[PDB]
Each structure stands twice: as structure tokens, then as C-alpha cells.
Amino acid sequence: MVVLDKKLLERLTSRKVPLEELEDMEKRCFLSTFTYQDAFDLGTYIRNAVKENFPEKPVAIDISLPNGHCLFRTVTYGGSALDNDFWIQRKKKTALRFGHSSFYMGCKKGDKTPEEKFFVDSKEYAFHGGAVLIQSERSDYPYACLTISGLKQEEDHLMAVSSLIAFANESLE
């Protein structure tokens, strides 16, 4: 069970969550162990949560390692399409490269475009919301990347972070 804070959303949708706050949310998403089964569980957990909060809306979910090995992929409602896979690669590439969520990086972009800010092709990179690194307690560097696509940007980002914290907080057992 995952609930999206609605005032945190819309305070995202309307901008003006400070970067240092965003980074604080992100750094809260970390896991103790990361196991092939962990990836499956978390992936399905997110899939269920998205189906719950957003019925009838198609969403693609991805968990991949920093080298690209894909562990989990699903599609939630089936209005999805190949373009989802492009967003997934594109957001994921940003998150893995810069070490922050792809929402955060869009925020640090503001206006001014990926090309002239970070000197990267925007066909390759995607500064919209859905990518969030899966952090590791004890590793200083991410286990993997979690990526959501097909909701409004702020939702993709908040679903990832929320699910990632909710999940991590059920290993309170």
C-alpha cells in the first residue's frame, strides 16, 4: 500500500521544491540487500501500487543495473507503447550518469535545454521525472535504477520515490 502525498505533489507539479529537499527524498530510497528476488518483489510491488493509484492508466516500470542489465520490466494497464521504452532508457541514462533522479536534473536544468546546460544530446537523455536510483546502505553508489513512465512527470517521480521508501520500510520486519 502506497499513498502519494497530494500536497507534496502539486508542490512538485508547481515547481519550488528546492533541490536540496529533492536530494533528501532520493537519498531516503535505499535497500539493505539487493537480490534477484528483491528486484522481482519490488517491481511487482510498484506494479500493484501503480495499478491501485492509477487504474486504467498504462505505465511501464523498469529496474536495471548501472551497466544496463535489465532485471524487471512490466507494463501496468496496457495502453502502453514502444515510446515508453524510449522514455525508460532516456530517463535512466540521465539518472545513472548524473547521480540524481531524472526529476531533480530537470529541475536543475530549469529552462535552457540539455544541450547547452549539460552538453548532452536530448534525444539520448530525457530530463523528465520517472527515473530514481536505488541506493545502497553501505555502498555509496547505487544498486540499480528504478524507472517509471507514462503518468504525469511529477507522478512518475513520486511513485518511484514513494514506492521505494514504502518497500524499504516493509523490511522493518
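Note that residue numbering begins at 1 and tracks the sequence as displayed.
Undergrad: Would you tell me which stretch averages the higher CA B-factor in the PDB entry, 5 to 13 or 148 to 156?
TA: Going by the record's values, the stretch with the higher mean is 5 to 13.
Undergrad: Quick check on the deposited entry: does the C-alpha B-factor of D62 sit in the lowest, middle or highest third of its chain?
TA: Within its chain, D62 is a lowest-third residue by C-alpha B-factor, going by the deposited values.
Undergrad: Within this chain's modelled residues, let me know which third the CA B factor of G130 belongs to: lowest, middle or highest.
TA: It belongs to the middle third of the chain when residues are ordered by C-alpha B-factor.
Undergrad: Lowest, middle or highest third: which one holds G110 when the chain's residues are ordered by CA B-factor from the entry?
TA: For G110, the deposited C-alpha B-factor lands in the highest third.
Undergrad: Thinking about Cα B factors across the chain, which third does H69 belong to?
TA: As the PDB entry reports it, the C-alpha B-factor of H69 lands in the lowest third of its chain.
Undergrad: Divide the modelled residues of the chain into thirds by Cα B-factor and specify which third, lowest, middle or highest, holds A49.
TA: Tercile = middle for this residue's CA B-factor.
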